[PDB]
$ cat data-v8.tsv   # TSV, N, CA, C and O atoms
chain	number	residue	atom	x	y	z
A	3	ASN	N	-1.59	18.10	-4.29
A	3	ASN	CA	-2.00	18.26	-2.90
A	3	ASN	C	-3.43	18.80	-2.81
A	3	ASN	O	-3.91	19.45	-3.74
A	4	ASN	N	-4.09	18.52	-1.69
A	4	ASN	CA	-5.46	18.97	-1.47
A	4	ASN	C	-6.43	18.34	-2.47
A	4	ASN	O	-7.59	18.74	-2.56
A	5	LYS	N	-5.96	17.35	-3.22
A	5	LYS	CA	-6.79	16.67	-4.21
A	5	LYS	C	-7.22	15.29	-3.70
A	5	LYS	O	-8.25	14.77	-4.12
A	6	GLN	N	-6.42	14.72	-2.81
A	6	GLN	CA	-6.71	13.40	-2.25
A	6	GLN	C	-8.16	13.32	-1.76
A	6	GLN	O	-8.85	12.33	-2.00
A	7	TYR	N	-8.61	14.36	-1.07
A	7	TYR	CA	-9.96	14.40	-0.55
A	7	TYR	C	-10.98	14.24	-1.67
A	7	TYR	O	-11.83	13.35	-1.63
A	8	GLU	N	-10.89	15.12	-2.67
A	8	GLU	CA	-11.81	15.09	-3.81
A	8	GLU	C	-11.93	13.67	-4.37
A	8	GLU	O	-12.96	13.32	-4.95
A	9	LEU	N	-10.88	12.87	-4.21
A	9	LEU	CA	-10.89	11.50	-4.71
A	9	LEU	C	-11.91	10.66	-3.95
A	9	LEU	O	-12.89	10.18	-4.52
A	10	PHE	N	-11.68	10.49	-2.65
A	10	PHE	CA	-12.59	9.71	-1.82
A	10	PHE	C	-14.00	10.27	-1.91
A	10	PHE	O	-14.99	9.54	-1.85
A	11	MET	N	-14.08	11.59	-2.06
A	11	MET	CA	-15.37	12.27	-2.17
A	11	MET	C	-16.26	11.57	-3.18
A	11	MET	O	-17.28	10.99	-2.83
A	12	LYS	N	-15.86	11.62	-4.45
A	12	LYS	CA	-16.63	10.97	-5.51
A	12	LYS	C	-16.87	9.50	-5.18
A	12	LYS	O	-17.84	8.90	-5.65
A	13	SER	N	-15.98	8.94	-4.37
A	13	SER	CA	-16.08	7.54	-3.97
A	13	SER	C	-17.23	7.33	-2.98
A	13	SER	O	-18.13	6.54	-3.23
A	14	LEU	N	-17.20	8.05	-1.86
A	14	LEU	CA	-18.23	7.94	-0.85
A	14	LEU	C	-19.63	8.13	-1.45
A	14	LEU	O	-20.47	7.23	-1.37
A	15	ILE	N	-19.88	9.31	-2.01
A	15	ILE	CA	-21.19	9.62	-2.59
A	15	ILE	C	-21.71	8.48	-3.43
A	15	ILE	O	-22.80	7.96	-3.19
A	16	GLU	N	-20.93	8.06	-4.42
A	16	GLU	CA	-21.32	6.96	-5.28
A	16	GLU	C	-21.81	5.79	-4.43
A	16	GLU	O	-22.63	4.98	-4.87
A	17	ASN	N	-21.32	5.72	-3.20
A	17	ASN	CA	-21.69	4.67	-2.26
A	17	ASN	C	-22.99	5.01	-1.54
A	17	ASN	O	-23.85	4.15	-1.36
A	18	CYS	N	-23.14	6.27	-1.14
A	18	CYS	CA	-24.35	6.69	-0.45
A	18	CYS	C	-25.55	6.48	-1.36
A	18	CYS	O	-26.58	5.96	-0.93
A	19	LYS	N	-25.42	6.89	-2.61
A	19	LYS	CA	-26.50	6.74	-3.58
A	19	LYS	C	-26.64	5.30	-4.04
A	19	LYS	O	-27.70	4.90	-4.52
A	20	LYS	N	-25.57	4.51	-3.91
A	20	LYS	CA	-25.62	3.12	-4.33
A	20	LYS	C	-25.99	2.20	-3.17
A	20	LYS	O	-26.54	1.12	-3.38
A	21	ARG	N	-25.71	2.64	-1.96
A	21	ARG	CA	-26.04	1.87	-0.78
A	21	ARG	C	-27.46	2.19	-0.32
A	21	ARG	O	-27.88	1.81	0.77
A	22	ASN	N	-28.20	2.90	-1.18
A	22	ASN	CA	-29.57	3.30	-0.90
A	22	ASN	C	-29.61	4.37	0.17
A	22	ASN	O	-30.27	4.22	1.20
A	23	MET	N	-28.91	5.45	-0.10
A	23	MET	CA	-28.87	6.59	0.80
A	23	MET	C	-28.71	6.19	2.27
A	23	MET	O	-29.62	6.37	3.07
A	24	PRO	N	-27.54	5.66	2.64
A	24	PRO	CA	-27.25	5.27	4.02
A	24	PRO	C	-26.97	6.49	4.90
A	24	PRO	O	-26.26	6.39	5.90
A	25	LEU	N	-27.51	7.63	4.50
A	25	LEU	CA	-27.31	8.88	5.21
A	25	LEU	C	-28.08	9.99	4.50
A	25	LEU	O	-27.94	10.17	3.29
A	26	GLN	N	-28.89	10.73	5.25
A	26	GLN	CA	-29.69	11.82	4.68
A	26	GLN	C	-28.78	12.89	4.12
A	26	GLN	O	-29.07	13.51	3.09
A	27	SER	N	-27.66	13.11	4.79
A	27	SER	CA	-26.69	14.10	4.38
A	27	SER	C	-25.49	14.11	5.32
A	27	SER	O	-25.65	14.28	6.53
A	28	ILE	N	-24.30	13.91	4.76
A	28	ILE	CA	-23.07	13.88	5.55
A	28	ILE	C	-23.10	14.92	6.67
A	28	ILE	O	-23.41	16.09	6.44
A	29	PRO	N	-22.81	14.50	7.92
A	29	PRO	CA	-22.83	15.39	9.08
A	29	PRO	C	-21.60	16.29	9.18
A	29	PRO	O	-21.27	16.77	10.26
A	30	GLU	N	-20.93	16.51	8.05
A	30	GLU	CA	-19.73	17.35	8.00
A	30	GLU	C	-19.09	17.49	9.37
A	30	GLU	O	-19.14	18.55	10.00
A	31	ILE	N	-18.50	16.40	9.83
A	31	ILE	CA	-17.85	16.37	11.14
A	31	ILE	C	-16.36	16.64	11.00
A	31	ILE	O	-15.57	15.72	10.76
A	32	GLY	N	-15.98	17.90	11.15
A	32	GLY	CA	-14.59	18.29	11.04
A	32	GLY	C	-14.41	19.77	10.81
A	32	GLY	O	-13.97	20.50	11.70
A	33	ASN	N	-14.77	20.23	9.62
A	33	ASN	CA	-14.65	21.64	9.27
A	33	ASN	C	-15.24	21.92	7.89
A	33	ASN	O	-16.36	22.42	7.77
A	34	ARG	N	-14.47	21.61	6.85
A	34	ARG	CA	-14.90	21.84	5.48
A	34	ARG	C	-15.97	20.82	5.07
A	34	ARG	O	-16.43	20.03	5.88
A	35	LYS	N	-16.34	20.85	3.79
A	35	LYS	CA	-17.35	19.94	3.27
A	35	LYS	C	-16.87	18.49	3.36
A	35	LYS	O	-15.95	18.09	2.65
A	36	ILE	N	-17.52	17.72	4.23
A	36	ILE	CA	-17.18	16.32	4.42
A	36	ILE	C	-15.71	16.14	4.80
A	36	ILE	O	-14.87	16.98	4.51
A	37	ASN	N	-15.43	15.01	5.44
A	37	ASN	CA	-14.08	14.67	5.86
A	37	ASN	C	-14.08	13.31	6.56
A	37	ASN	O	-13.34	13.08	7.51
A	38	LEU	N	-14.94	12.42	6.07
A	38	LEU	CA	-15.07	11.08	6.63
A	38	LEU	C	-13.87	10.20	6.30
A	38	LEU	O	-13.74	9.10	6.83
A	39	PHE	N	-12.98	10.69	5.44
A	39	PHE	CA	-11.81	9.92	5.06
A	39	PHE	C	-10.62	10.24	5.97
A	39	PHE	O	-9.82	9.35	6.28
A	40	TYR	N	-10.50	11.49	6.41
A	40	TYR	CA	-9.40	11.89	7.29
A	40	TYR	C	-9.44	11.06	8.58
A	40	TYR	O	-8.63	10.14	8.77
A	41	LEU	N	-10.40	11.37	9.45
A	41	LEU	CA	-10.55	10.62	10.69
A	41	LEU	C	-10.52	9.14	10.38
A	41	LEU	O	-10.07	8.32	11.18
A	42	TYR	N	-10.99	8.80	9.19
A	42	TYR	CA	-10.99	7.44	8.75
A	42	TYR	C	-9.55	6.96	8.63
A	42	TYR	O	-9.18	5.92	9.16
A	43	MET	N	-8.71	7.74	7.96
A	43	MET	CA	-7.31	7.37	7.82
A	43	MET	C	-6.76	6.87	9.15
A	43	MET	O	-5.85	6.04	9.19
A	44	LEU	N	-7.33	7.38	10.24
A	44	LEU	CA	-6.91	6.96	11.57
A	44	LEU	C	-7.53	5.62	11.97
A	44	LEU	O	-6.88	4.81	12.63
A	45	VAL	N	-8.79	5.39	11.58
A	45	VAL	CA	-9.45	4.13	11.93
A	45	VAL	C	-8.62	2.96	11.42
A	45	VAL	O	-8.69	1.85	11.94
A	46	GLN	N	-7.82	3.24	10.39
A	46	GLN	CA	-6.94	2.23	9.82
A	46	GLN	C	-6.18	1.52	10.93
A	46	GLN	O	-5.84	0.34	10.82
A	47	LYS	N	-5.94	2.25	12.02
A	47	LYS	CA	-5.25	1.71	13.18
A	47	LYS	C	-5.94	0.42	13.61
A	47	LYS	O	-5.29	-0.52	14.07
A	48	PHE	N	-7.25	0.37	13.43
A	48	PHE	CA	-8.02	-0.81	13.77
A	48	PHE	C	-8.41	-1.56	12.51
A	48	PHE	O	-8.32	-2.79	12.45
A	49	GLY	N	-8.85	-0.82	11.50
A	49	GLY	CA	-9.26	-1.43	10.25
A	49	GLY	C	-10.71	-1.82	10.28
A	49	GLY	O	-11.42	-1.71	9.28
A	50	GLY	N	-11.17	-2.24	11.45
A	50	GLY	CA	-12.55	-2.62	11.61
A	50	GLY	C	-13.33	-1.52	12.28
A	50	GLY	O	-13.33	-1.40	13.51
A	51	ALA	N	-13.99	-0.70	11.48
A	51	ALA	CA	-14.77	0.42	11.98
A	51	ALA	C	-15.58	0.05	13.22
A	51	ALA	O	-15.41	0.64	14.28
A	52	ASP	N	-16.46	-0.93	13.06
A	52	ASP	CA	-17.31	-1.39	14.16
A	52	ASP	C	-16.47	-1.87	15.35
A	52	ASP	O	-16.99	-2.01	16.46
A	53	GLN	N	-15.18	-2.10	15.12
A	53	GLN	CA	-14.30	-2.53	16.18
A	53	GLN	C	-13.65	-1.32	16.80
A	53	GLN	O	-13.32	-1.30	17.99
A	54	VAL	N	-13.47	-0.31	15.97
A	54	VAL	CA	-12.85	0.93	16.38
A	54	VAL	C	-13.87	1.94	16.89
A	54	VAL	O	-13.50	2.93	17.52
A	55	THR	N	-15.13	1.70	16.60
A	55	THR	CA	-16.20	2.60	17.01
A	55	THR	C	-16.26	2.78	18.53
A	55	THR	O	-16.81	3.76	19.02
A	56	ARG	N	-15.73	1.81	19.25
A	56	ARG	CA	-15.75	1.85	20.71
A	56	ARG	C	-14.38	1.50	21.31
A	56	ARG	O	-14.30	0.80	22.31
A	57	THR	N	-13.32	1.99	20.69
A	57	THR	CA	-11.97	1.72	21.17
A	57	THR	C	-11.21	3.00	21.50
A	57	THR	O	-11.78	4.09	21.51
A	58	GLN	N	-9.91	2.86	21.74
A	58	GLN	CA	-9.05	4.00	22.04
A	58	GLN	C	-8.68	4.72	20.75
A	58	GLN	O	-8.60	5.94	20.70
A	59	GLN	N	-8.48	3.93	19.69
A	59	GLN	CA	-8.15	4.47	18.38
A	59	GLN	C	-9.24	5.42	17.90
A	59	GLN	O	-9.05	6.19	16.95
A	60	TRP	N	-10.40	5.37	18.54
A	60	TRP	CA	-11.51	6.23	18.17
A	60	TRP	C	-11.37	7.59	18.82
A	60	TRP	O	-11.66	8.61	18.20
A	61	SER	N	-10.89	7.60	20.05
A	61	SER	CA	-10.70	8.85	20.75
A	61	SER	C	-9.84	9.78	19.90
A	61	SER	O	-9.93	11.00	20.02
A	62	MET	N	-9.01	9.20	19.02
A	62	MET	CA	-8.17	10.00	18.14
A	62	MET	C	-8.95	10.36	16.88
A	62	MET	O	-8.88	11.49	16.41
A	63	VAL	N	-9.73	9.40	16.38
A	63	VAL	CA	-10.57	9.64	15.21
A	63	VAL	C	-11.55	10.76	15.57
A	63	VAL	O	-11.36	11.92	15.19
A	64	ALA	N	-12.56	10.39	16.35
A	64	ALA	CA	-13.56	11.35	16.83
A	64	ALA	C	-12.93	12.70	17.22
A	64	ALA	O	-13.41	13.75	16.81
A	65	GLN	N	-11.87	12.68	18.03
A	65	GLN	CA	-11.22	13.92	18.46
A	65	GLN	C	-10.49	14.62	17.32
A	65	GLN	O	-10.42	15.85	17.28
A	66	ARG	N	-9.94	13.84	16.39
A	66	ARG	CA	-9.21	14.41	15.26
A	66	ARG	C	-10.01	15.52	14.61
A	66	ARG	O	-9.58	16.67	14.55
A	67	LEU	N	-11.19	15.16	14.12
A	67	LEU	CA	-12.06	16.13	13.47
A	67	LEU	C	-12.69	17.07	14.49
A	67	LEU	O	-13.23	18.12	14.14
A	68	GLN	N	-12.64	16.67	15.77
A	68	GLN	CA	-13.21	17.46	16.86
A	68	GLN	C	-14.71	17.23	16.98
A	68	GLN	O	-15.50	18.17	16.96
A	69	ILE	N	-15.10	15.96	17.10
A	69	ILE	CA	-16.51	15.60	17.22
A	69	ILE	C	-16.82	15.06	18.62
A	69	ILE	O	-17.91	15.28	19.14
A	70	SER	N	-15.85	14.37	19.21
A	70	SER	CA	-16.02	13.81	20.55
A	70	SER	C	-17.28	12.96	20.63
A	70	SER	O	-17.93	12.87	21.67
A	71	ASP	N	-17.63	12.32	19.51
A	71	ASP	CA	-18.81	11.47	19.44
A	71	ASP	C	-18.48	10.16	18.74
A	71	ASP	O	-19.00	9.88	17.66
A	72	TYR	N	-17.61	9.35	19.36
A	72	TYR	CA	-17.18	8.06	18.81
A	72	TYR	C	-18.28	7.34	18.05
A	72	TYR	O	-18.02	6.61	17.08
A	73	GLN	N	-19.51	7.53	18.48
A	73	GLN	CA	-20.64	6.88	17.84
A	73	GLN	C	-20.88	7.48	16.45
A	73	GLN	O	-21.13	6.75	15.48
A	74	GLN	N	-20.74	8.79	16.34
A	74	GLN	CA	-20.91	9.46	15.07
A	74	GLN	C	-19.78	9.05	14.16
A	74	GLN	O	-19.92	9.02	12.95
A	75	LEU	N	-18.64	8.73	14.78
A	75	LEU	CA	-17.48	8.31	14.05
A	75	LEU	C	-17.77	7.14	13.16
A	75	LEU	O	-17.83	7.29	11.95
A	76	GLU	N	-17.96	5.96	13.71
A	76	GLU	CA	-18.25	4.86	12.82
A	76	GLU	C	-19.48	5.17	11.97
A	76	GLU	O	-19.68	4.56	10.93
A	77	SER	N	-20.27	6.17	12.38
A	77	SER	CA	-21.41	6.56	11.57
A	77	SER	C	-20.84	7.13	10.28
A	77	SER	O	-21.46	7.11	9.22
A	78	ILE	N	-19.61	7.61	10.40
A	78	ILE	CA	-18.86	8.16	9.31
A	78	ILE	C	-18.37	7.06	8.39
A	78	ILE	O	-18.60	7.07	7.18
A	79	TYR	N	-17.67	6.12	9.01
A	79	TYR	CA	-17.07	5.01	8.33
A	79	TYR	C	-18.11	4.02	7.91
A	79	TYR	O	-18.23	3.66	6.74
A	80	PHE	N	-18.86	3.58	8.89
A	80	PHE	CA	-19.90	2.59	8.67
A	80	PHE	C	-21.17	3.14	8.03
A	80	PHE	O	-21.70	2.53	7.10
A	81	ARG	N	-21.70	4.24	8.56
A	81	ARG	CA	-22.98	4.74	8.07
A	81	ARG	C	-22.92	5.53	6.77
A	81	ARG	O	-23.92	5.58	6.05
A	82	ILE	N	-21.80	6.15	6.44
A	82	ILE	CA	-21.74	6.90	5.19
A	82	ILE	C	-21.03	6.13	4.09
A	82	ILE	O	-21.38	6.26	2.92
A	83	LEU	N	-20.04	5.32	4.46
A	83	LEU	CA	-19.32	4.54	3.46
A	83	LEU	C	-18.58	3.37	4.08
A	83	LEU	O	-17.36	3.28	3.96
A	84	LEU	N	-19.29	2.47	4.76
A	84	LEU	CA	-18.62	1.34	5.38
A	84	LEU	C	-17.76	0.58	4.33
A	84	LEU	O	-16.54	0.69	4.32
A	85	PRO	N	-18.41	-0.18	3.44
A	85	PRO	CA	-17.78	-0.96	2.37
A	85	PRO	C	-16.61	-0.25	1.69
A	85	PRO	O	-15.64	-0.89	1.29
A	86	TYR	N	-16.70	1.07	1.56
A	86	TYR	CA	-15.63	1.83	0.91
A	86	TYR	C	-14.36	1.82	1.75
A	86	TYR	O	-13.44	1.05	1.49
A	87	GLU	N	-14.30	2.69	2.74
A	87	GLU	CA	-13.14	2.80	3.62
A	87	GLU	C	-12.55	1.43	3.96
A	87	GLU	O	-11.34	1.29	4.15
A	88	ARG	N	-13.41	0.43	4.07
A	88	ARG	CA	-12.98	-0.91	4.42
A	88	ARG	C	-12.65	-1.77	3.20
A	88	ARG	O	-11.56	-2.32	3.09
A	89	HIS	N	-13.63	-1.94	2.32
A	89	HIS	CA	-13.46	-2.80	1.15
A	89	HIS	C	-12.92	-2.09	-0.10
A	89	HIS	O	-12.72	-2.75	-1.13
A	90	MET	N	-12.67	-0.79	-0.04
A	90	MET	CA	-12.15	-0.09	-1.21
A	90	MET	C	-10.62	-0.09	-1.22
A	90	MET	O	-10.00	0.34	-2.20
A	91	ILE	N	-10.01	-0.60	-0.15
A	91	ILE	CA	-8.56	-0.66	-0.05
A	91	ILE	C	-7.96	-1.40	-1.25
A	91	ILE	O	-7.43	-0.78	-2.17
A	92	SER	N	-8.06	-2.73	-1.23
A	92	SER	CA	-7.53	-3.56	-2.31
A	92	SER	C	-6.00	-3.55	-2.34
A	92	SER	O	-5.39	-4.24	-3.15
A	93	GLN	N	-5.38	-2.76	-1.46
A	93	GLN	CA	-3.92	-2.67	-1.41
A	93	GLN	C	-3.35	-2.36	-2.79
A	93	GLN	O	-2.29	-2.87	-3.17
A	94	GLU	N	-4.05	-1.52	-3.54
A	94	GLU	CA	-3.62	-1.13	-4.88
A	94	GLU	C	-2.21	-0.55	-4.86
A	94	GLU	O	-1.66	-0.27	-3.79
A	95	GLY	N	-1.63	-0.39	-6.04
A	95	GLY	CA	-0.29	0.15	-6.14
A	95	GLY	C	0.52	-0.49	-7.25
A	95	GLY	O	1.56	0.04	-7.66
A	96	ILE	N	0.06	-1.63	-7.75
A	96	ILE	CA	0.75	-2.34	-8.82
A	96	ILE	C	0.24	-1.90	-10.19
A	96	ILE	O	0.45	-2.58	-11.19
A	97	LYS	N	-0.45	-0.76	-10.22
A	97	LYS	CA	-1.00	-0.22	-11.45
A	97	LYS	C	-1.10	1.30	-11.37
A	97	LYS	O	-1.85	1.93	-12.12
A	98	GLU	N	-0.36	1.88	-10.45
A	98	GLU	CA	-0.35	3.32	-10.24
A	98	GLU	C	-1.72	3.80	-9.78
A	98	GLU	O	-2.66	3.87	-10.56
A	99	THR	N	-1.80	4.12	-8.50
A	99	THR	CA	-3.05	4.60	-7.91
A	99	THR	C	-3.48	5.91	-8.55
A	99	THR	O	-4.59	6.02	-9.08
A	100	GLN	N	-2.61	6.91	-8.49
A	100	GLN	CA	-2.90	8.22	-9.06
A	100	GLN	C	-3.10	8.12	-10.57
A	100	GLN	O	-2.14	7.91	-11.31
A	101	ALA	N	-4.34	8.28	-11.01
A	101	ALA	CA	-4.66	8.21	-12.43
A	101	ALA	C	-4.05	9.39	-13.19
A	101	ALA	O	-3.69	9.27	-14.36
A	102	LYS	N	-3.95	10.53	-12.51
A	102	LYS	CA	-3.39	11.73	-13.12
A	102	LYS	C	-1.87	11.69	-13.10
A	102	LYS	O	-1.26	11.38	-12.08
A	103	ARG	N	-1.26	12.01	-14.23
A	103	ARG	CA	0.20	12.01	-14.35
A	103	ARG	C	0.79	13.30	-13.77
A	103	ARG	O	0.11	14.32	-13.69
A	104	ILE	N	2.05	13.23	-13.38
A	104	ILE	CA	2.74	14.39	-12.81
A	104	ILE	C	3.57	15.10	-13.87
A	104	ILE	O	4.24	14.46	-14.68
$ encode --input "data-v8.tsv" --output "structure tokens"
Amino acid sequence: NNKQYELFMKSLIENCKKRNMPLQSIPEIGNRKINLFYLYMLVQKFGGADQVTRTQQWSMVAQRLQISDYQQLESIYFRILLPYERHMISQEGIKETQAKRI
């Protein structure tokens, strides 16, 4: 528990530095250090960030972390790690997602 975040973490950054710094520095929209995956978990409702950036499913995203800035939201999904949250899915599971054993 509390490790899931650290996972996406290394994922996003690798993207920010690989996507040519698509963000000067994560706007830590939520509370602790970064959390673009949580509110993101909600965007799943739409799946299409740019589609959810201006929908009802966003009022929950944006509000989830307590940002009330739907625009900053997809800035989270799209601007900090679009390809990831969206294209990193792959619907994995047929090879054990969790690399660490229990």
$ select_by_dssp --input "data-v8.tsv" --residues "segment 14-96 of chain A" --states "alpha helix (DSSP H)" --output "VMD selection string"
chain A and resid 14 to 20 40 to 45 51 to 54 58 to 67 72 to 76 83 to 89
$ closest_residue --input "data-v8.tsv" --among "A:82, A:59, A:102, A:65" --to "residue 13 of chain A" --atoms "only N, CA, C and O atoms"
A:82
$ closest_residue --input "data-v8.tsv" --among "A:83, A:41, A:51, A:69" --to "residue 25 of chain A" --atoms "all atoms listed in the file"
A:83
